[PDB]
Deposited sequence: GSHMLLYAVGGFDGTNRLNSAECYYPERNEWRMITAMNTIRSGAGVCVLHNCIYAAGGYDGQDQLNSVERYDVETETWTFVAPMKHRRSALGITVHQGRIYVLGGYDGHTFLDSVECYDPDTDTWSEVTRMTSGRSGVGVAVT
C-alpha cells in the first residue's frame, strides 16, 4: 500500500486497457492490460492488482488478469464462471469476492469466490435478487 493506480475505464469515445499510477505529482503510465476493460472489478491481493470482468465496448468479459508490480507484467488467471460488467468486488481473508453484475442478458445474483492458491473460481452464495452496480463492503 503506497501508490494509487487508475485501471482501465471509458473516456466517452474509447474504452481503456491502459493503467496509470500516481506518484513528483504527475500520473505516469504503467504496462497496459491485455484486455480493454471498463467497469471492471479491481482489487489488491498479495501485492497484486486484479482486474476482473468489465466491458470492452462489445462484449461483457469473464477474463481475469493480475498485475505483478515487481515484474510489471499483466497475466491472465482463471476466468470467472460468469461474464459480468458493473460488478462489485472485495477482498476478504485472502480471497476475491465478486457480487452480481450484468452478463449481457441477465442481472446476476451469483457471488463467485477466487482462491489464489488453487486458481479456482467457485460460487459461494447468491444474493436475494439479481442486480448490478452494487457496492460491496466488509466490516
Next on the checklist: Going by C-alpha coordinates, which parts of the deposited sequence are missing from this model?
Outcome noted: 1-2, 26-27
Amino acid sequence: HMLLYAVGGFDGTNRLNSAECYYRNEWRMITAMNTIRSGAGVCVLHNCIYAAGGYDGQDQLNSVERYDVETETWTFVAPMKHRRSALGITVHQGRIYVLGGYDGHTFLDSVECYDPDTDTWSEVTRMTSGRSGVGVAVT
From here on, numbers count along this sequence of modelled residues.
Checklist entry - Once you work out the mean C-alpha B-factor for both 98-106 and 30-38 from the entry, which is higher? => result 98-106
Checklist entry - On average, are the C-alpha B-factors higher in 52-60 or in 39-47? => result 52-60
Next on the checklist: What third of the chain does residue 9 rank in for C-alpha temperature factor, lowest, middle or highest?
Outcome noted: lowest
Checklist entry - Where does residue 87 sit by CA temperature factor within its chain: lowest, middle or highest third? => result lowest
Item to check | CA B-factor placement of residue 16, once the chain's modelled residues are sorted into thirds | outcome: middle
Next on the checklist: Could you place residue 68 in the lowest, middle or highest third of its chain by Cα temperature factor, using the values in the record?
Outcome noted: middle
Checklist entry - In terms of the CA temperature factor given in the entry, to which third of its chain does residue 2 belong: lowest, middle or highest? => result highest
